[PDB]
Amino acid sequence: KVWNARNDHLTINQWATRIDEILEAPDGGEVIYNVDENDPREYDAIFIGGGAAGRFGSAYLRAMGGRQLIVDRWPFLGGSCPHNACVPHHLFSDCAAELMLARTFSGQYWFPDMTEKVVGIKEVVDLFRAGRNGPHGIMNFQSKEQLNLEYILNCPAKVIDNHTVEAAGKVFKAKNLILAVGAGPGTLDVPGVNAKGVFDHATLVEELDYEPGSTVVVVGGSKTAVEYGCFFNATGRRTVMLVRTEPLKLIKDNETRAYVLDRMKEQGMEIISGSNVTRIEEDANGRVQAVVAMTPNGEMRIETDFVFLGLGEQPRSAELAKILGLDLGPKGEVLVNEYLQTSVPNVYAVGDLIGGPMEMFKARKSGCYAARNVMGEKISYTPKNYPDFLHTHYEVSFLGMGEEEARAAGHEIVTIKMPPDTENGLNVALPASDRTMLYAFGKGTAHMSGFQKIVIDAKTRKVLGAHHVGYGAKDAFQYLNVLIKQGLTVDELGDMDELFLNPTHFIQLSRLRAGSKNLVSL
């Protein structure tokens, strides 16, 4: 039951295969024990959980010359991301974007006829399940062979006290504990929620044994709900989203949000805000048959055999809080100070366990900062002024302030956007670049070529916000945000070297206005 893999050296593909076998193992599989029993040093920290936060924290701690140990109940490192979160989500979004293109130019050129064409959801999920072990293999390999990490996988950790942990039937002592067990799927307190056909991101890639009907009901207005919803709609199914409040409040710029929502509705998606599910109807077979919810316009009933819950995740703090006596927050999040320290001495908390923002950059960075503090390097971490994004059928990127938001805050501003405000509106061949060229040139599709805008302070000439809808700008926003935080002006932006045609046209458009001492919008 315990496999000492320490002296074993599997390739990425061999790891992939071994992990799949352990995952399919009916008896549960063997414990993956990778500990250096010859090293006499004491553990500086034991990480409970080896996901994004735990794996990166360990990587950084080891890199600094300290000793660590990861314990994870899964037979692979990397956490939810490669198994049921970020990775599968991006596979689905890719399909959503490709399908919108195929449906828009159905029949034309090399595109097949999509009319009355329904794509198999289970087919795609099966594709994911069949290949998710690839990333898993790289993670175990990279972690062991390249990052020199010690770890025990496929084994739930038993925390004794703030310096003691049991794993693989053994007791380990450490100077510190770093809690990185993340968060779990949100629950919905309504009858029928356990009926067959009700899924969340986690169970979707584990229990989908049938192909969904023609209608899909998504509950939630989160990124996940929108991302998965656009994919389901792209497969050719009627998709209804039930949002408690208003959708995509995360997109502060009003025009940007309207463009995104307008394009979603144009694809046939139905978004009902101010709605609360009251009951999920089960048929005689214990299968979902319909959803009932209360809306501003009253109660409605939608027939469906497939329901996807996109609620927020909740920190896995219950057990740990009891064993260690940790102070918890309003939403079950473990409370920590600016150094990631919990209320218990020598115990840190990172990742989704400490709340939002629940993003990979937050998990990985908090993990590394906790490690640095553990190694004596006092450093604080408080995420703020970061870029963000989400997928619909398009890639949506945003940072800083929206146009209205900036004016309300007292900033005199001018904006540079595309397309321009004219009586032709969105119906013009711009913006345009990689992956939006067909839309830009197609008959009646120009309005689908995208939308983008930068918000500038008229007096300081500094960029206060950037927004983009299309493809190929997400990566750019990572670096653009750094420049903006350093104080980027329209003149400096205009003096850069653009790579035309560019997903973001901020550089050359800025150059067109930068010559005036008195800025004017474009």
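Numbering starts at 1 and follows the sequence shown. Basically, rigid core = biggest C-alpha set you can superpose within 1.5 Å across the two forms.
Enquirer: Please work out whether 213 to 221 or 321 to 329 has the higher root mean square C-alpha deviation in 4 other deposited structures of this protein relative to the shown form, with the rigid core as fitting region?
Expert: When 213 to 221 and 321 to 329 are compared in 4 other deposited structures of this protein, the bigger C-alpha shift is seen for 321 to 329.
Enquirer: Which segment is farther from the shown form on average in 4 other deposited structures of this protein after a rigid core fit, 235 to 243 or 161 to 169, going by CA atoms?
Expert: Result of the core-fitted comparison in 4 other deposited structures of this protein: 161 to 169 deviates more.
Enquirer: Taking the recorded C-alpha temperature factors, which stretch has the higher mean, 443 to 451 or 374 to 382?
Expert: The stretch with the larger mean CA B-factor is 374 to 382.
Enquirer: Mean CA B-factor: is it higher for 303 to 311 or for 392 to 400?
Expert: Looking at the record's C-alpha B-factors, the answer is 303 to 311.
Enquirer: Among 236, 420, 329, 351, which carries the highest Cα B-factor?
Expert: The C-alpha B-factor peaks, among 236, 420, 329, 351, at 329.
Enquirer: Of the options 217, 114, 202, 368, which has the highest CA B factor as deposited?
Expert: Among 217, 114, 202, 368, the PDB entry lists the largest C-alpha B-factor for 114.
Enquirer: Place residue 231 in the lowest, middle or highest third of its chain's C-alpha B-factors, as listed in the PDB entry.
Expert: Ranked within chain, residue 231 CA B lands in the lowest tercile.
Enquirer: Quick one: classify residue 49 as lowest, middle or highest third of the chain based on its Cα B-factor.
Expert: Tercile = middle for this residue's CA B-factor.
Enquirer: Quick check on the deposited entry: does the C-alpha B-factor of residue 76 sit in the lowest, middle or highest third of its chain?
Expert: Its C-alpha B-factor belongs to the middle third of this chain's values.
Enquirer: Can you tell me which third, lowest, middle or highest, the CA B-factor of residue 501 falls into for its chain?
Expert: Middle third - that is where residue 501 ends up once the chain's C-alpha B-factors are sorted.
Enquirer: In terms of the CA temperature factor given in the entry, to which third of its chain does residue 63 belong: lowest, middle or highest?
Expert: Middle third - that is where residue 63 ends up once the chain's C-alpha B-factors are sorted.
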